[PDB]
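One structure is given below, encoded as structure tokens.
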Amino acid sequence: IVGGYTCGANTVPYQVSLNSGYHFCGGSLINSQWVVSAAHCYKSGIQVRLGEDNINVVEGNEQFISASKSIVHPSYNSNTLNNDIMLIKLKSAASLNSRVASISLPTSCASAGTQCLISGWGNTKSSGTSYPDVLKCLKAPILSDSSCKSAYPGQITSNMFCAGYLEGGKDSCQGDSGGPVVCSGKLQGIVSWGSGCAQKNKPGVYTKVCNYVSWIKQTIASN
Ligand SMILES: O[C@@H]1[C@@H](O)[C@@H](O)OC[C@H]1O
Ligand SMILES: O[C@@H]1[C@@H](O)[C@H](O)OC[C@H]1O
Ligand SMILES: [Ca+2]
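Taken in order, the sequence shown gives residues 16 to 34, 37 to 67, 69 to 125, 127 to 130, 132 to 184, 184A, 185 to 188, 188A, 189 to 204, 209 to 217, 219 to 221, 221A, 222 to 245; the numbers are from the deposited numbering.
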């Protein structure tokens, strides 16, 4: 998160950390045993770290669960990042309380203009490198399909939307991938890609979760 703020410990209770010896992606808890993430975040040996604020300190509320199975979207294209969504099944059910909670899947797509919560442990600087130990939060509106398609010609599919600010200075960034974009209490986006971070006329590009509620729900009822 570039240009955001310190969320506060456990105030984003659906935010997870993907850990393979080190934080490498975010993810979003949607029920006690399933995390949704970015498909380009896929790797073998994933442990899912719930209840995290400082990812380099044990603080009192963590749950560490190994993945038992990962499902990259059947149609994920790593070249275009089209359909950048993946589901992770947890080996044991997380124990749900006020600091470890699932976030509701949409019944509707969020409209251009709607302001959302983007959170992650990604790089906080746009020209330079610096990674936080605590979770960082950004409120960013959704942007119109017509300025999204302009900012990134030939690259925006119906499976993506842009969210952010075209004057730059505020974005998600490397290390935020897999993580939530929440609007009106609905996991609407998944941190996916962009050109740099916090750059003018280059807003964050997010996987459009509402296209995948049918794929998510029928996957989760059969696995
Ligand atoms: O974003 C672009 C992607 O859509 C694809 O075309 O590969 C090149 C990238 O610049
Ligand atoms: O039991 C685990 C604890 O030992 C570890 O410190 O962090 C995750 C917990 O689930
Ligand atoms: Ca911790």
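Cβ coordinates follow ideal geometry from the N, Cα and C atoms, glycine included.
The stretch 78-93 makes no contact with the stretch 209-216: fewer than 3 CB pairs, one atom from each, lie closer than 8 Å. Residues with their Cβ less than 6 Å from any non-hydrogen atom of ligand 1, running along the chain, are 97, 98 and 175. In this structure, residue 76 has its CB closer than 7 Å to one or more heavy atoms of ligand 3.
Around the beta-carbon of residue 75, fewer than 16 other beta-carbon atoms lie within 10 Å, marking it exposed. Residue 213 carries a strand assignment under DSSP once its states are collapsed to helix, strand and coil. In this structure, the alpha-carbon of residue 167 lies about 44 Å from that of residue 78. Relative to residue 202, the option among 196, 133 and 181 whose CA is nearest is 133.
Taking a contact as a CB-CB distance under 8 Å, the pair residue 180 and residue 228 counts as one, their CB atoms being some 7 Å apart. Nearest Cα to residue 113 within the set 92, 81 and 135: 81.
With contacts defined by Cβ atoms closer than 8 Å, residue 17 and residue 191 form a contacting pair.
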